[PDB]
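Chain nomenclature is as follows: A, B, C, D, E and F, assigned in order of appearance, with residue numbering initiated at 1 for each chain independently.
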Amino acid sequence: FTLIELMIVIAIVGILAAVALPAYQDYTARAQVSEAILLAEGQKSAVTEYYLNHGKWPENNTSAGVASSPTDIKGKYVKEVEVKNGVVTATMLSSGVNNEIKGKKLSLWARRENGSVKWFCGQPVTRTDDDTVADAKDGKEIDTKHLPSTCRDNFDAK
Amino acid sequence: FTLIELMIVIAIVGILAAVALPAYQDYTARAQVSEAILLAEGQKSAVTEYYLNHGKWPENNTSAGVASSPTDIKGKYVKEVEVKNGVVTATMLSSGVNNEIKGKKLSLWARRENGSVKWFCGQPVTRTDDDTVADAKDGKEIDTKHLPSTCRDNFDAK
Amino acid sequence: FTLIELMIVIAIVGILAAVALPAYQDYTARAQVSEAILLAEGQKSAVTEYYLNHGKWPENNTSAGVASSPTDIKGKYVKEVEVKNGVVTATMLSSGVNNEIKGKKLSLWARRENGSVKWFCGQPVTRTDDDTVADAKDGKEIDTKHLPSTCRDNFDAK
Amino acid sequence: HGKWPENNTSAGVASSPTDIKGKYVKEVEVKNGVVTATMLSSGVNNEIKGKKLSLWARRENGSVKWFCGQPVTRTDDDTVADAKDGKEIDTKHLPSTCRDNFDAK
Amino acid sequence: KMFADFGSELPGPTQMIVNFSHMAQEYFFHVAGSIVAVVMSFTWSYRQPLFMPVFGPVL
Amino acid sequence: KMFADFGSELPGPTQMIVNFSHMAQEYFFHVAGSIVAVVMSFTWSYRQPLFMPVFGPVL
């Protein structure tokens, strides 16, 4: 006979949350990845200096002169950050993150410019030789959709 | 004999407002607290620098090099922001806020990482020693329900 | 009869993006220009030394002792950086930038202080004599709105 | 990037159109920046099922502006056109805020 | 309907904040007592315009 | 009176914060429509329980 204004408006806010759910869920993940990136960076300094001073990429965190323990460079969504031959990889925690990005990671690696180096940011990579890396293809890479426009670099970016 | 469509639909919008009342009232409070947090932050800079440059936490706002007057770091819902030995506490005004959060506050404190510091955000805390704080247990802490997921830190968070 | 909460809130986020569109679009461009500036600088060193050691401004990159190829001093938003008689100009790429700043550029030039030099930063300029430059008026200058407060120098700044 | 996302995956959303469905929505596909929503076949009116609308944007230069209206196709990076075909949700069913024409600026 | 519209919290009602469908279904009692009232006055208006022998219709 | 007591901001009301005298005077419309309703049902209850010879009450 009457009461449908309360019933529909409680059910439009319910469906509004369902539509606002995936937007906040990738905005959210995309936010948790933007930090793995900040934790990865700022460690470029150590790595850059080590390379320019010696001409060899730092083998591990201790070589680069950073928390000798990968797990000591963690965060809220970051379970750690390891330096492996100049390549700095950031791992996403398992608690406090999206759902399709946890335990997932990215990498920052550089290239000899000769007198200086240039840095790249993208999906996990392994270093082959002092001037070549390759996709650490394995299945734990953070999905392209969660990576900034500034971190879409490919293993062979120059 | 007839007119019930106008009577029920005016009474479903009335009850719709009553159901939408508590949702807008915590969404609202949760919004007024999210600012106390923004006002508390951005003062991390002063405090961080003071600590790294001297190895001692800033005793008060003036030491940290910020509005020497706590009341000078207020807002719409924020009655102020005081720095007490590196700990930055934000107080909720008494006018313009929820009802169960006014005159209530939170704290931001940091910890020596050795070469850098890490910040925490949560319910009011007091600093004991240069690397230890404790619950400013007293009854004026902003209730957990009003605090973001990013500001649920405990006095002993590391 | 009911569902307007979902319809309005999906249409307020839509218009919120439209209002947040121009803010992120100049903040963005202003960010891509701030780099053209960083790429232009750090090349002041070469140019300064060349001038103080010889009393003549470096004619080109090779003279200044930098990547003999302008295109070798490029970036993400920077298509290059050329040294033309001590004046260092940075060109904005065509891909990855705003829209009203691509292919656009700025210049850094210096002036003999006698025993040292002082640097300026602003819209493209050409060098006339060893102590005078002029607007490279042509239409490809990065618009004043996109330039930092520290890079508003005029051709005759002293 | 300065280019419109070709499809859902490019835009970084449920790679599957059908994964962005609802009660009355059978899906939502991103086709070159244009986002079209299809009305399910079950649980809806009668003259709107299997029918859809589109949201598309335009370069403002430094930002973009969004439009909402009847299905459209993207021609070039700054031009779309009526996806004239007969499955558009009828004007009477569209909000006042979603009456945009293919050439709205 | 007039005595049952004299406010809220009568005998058998609900509070107005319930969901409409539940409110209307609980009152179904009263919607039913009204229809029965109707059927009755309709019957009176339609109709109207053991000793075994005692039971037979006589003249 | 009971439909007009279902909440505030009906058709023709006022907001409750007006001064009482003005609120009561604006509603005077409805106070009047009620009295007329009364007078009517009273009239129905009170009533309800030249050829000169043509004008006389006959049998």
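Here, contacts are C-beta pairs under 8 Å (C-beta built on N, C-alpha and C of every residue); 3 or more make two chains touch, one makes a residue touch a chain.
If you tally contacting C-beta pairs for each pair of chains, C-D comes out on top. Distance from the chain A centre to the chain F centre is 78 Å, each centre being the mean of its Cα atoms. Chain centres here are Cα means. That of chain C falls 38 Å from that of chain D. Here the spacing of chain D and chain F, counted between their Cα centres, is 58 Å.
Residues of chain A found to touch two or more other chains are 1-7, 9-10, 13, 15, 19, 149.
Contact with two or more other chains is made by residues 5, 16-18, 20 of chain E. This structure has the following touching chain pairs: A-B, A-C, A-D, A-E, B-E, B-F, C-D, E-F. Residue ranges on chain A touching chain B, taken from their complex, read 1-7, 9-10, 13, 76, 96. Across the complex, chain E is touched by residues 1, 4, 7-8, 11-12, 14-15, 18-19 of chain B.
Note for the complex: chain C touches chain D at residues 7, 11, 14-15, 17-18, 20-26, 28-29, 95-100. Of all residues in chain A, those touching chain C in their complex are 4-5, 7-9, 11-13, 15-16, 19-20, 23, 149-150.
Residues of chain E that touch chain A in their complex: 16-21, 23-24.
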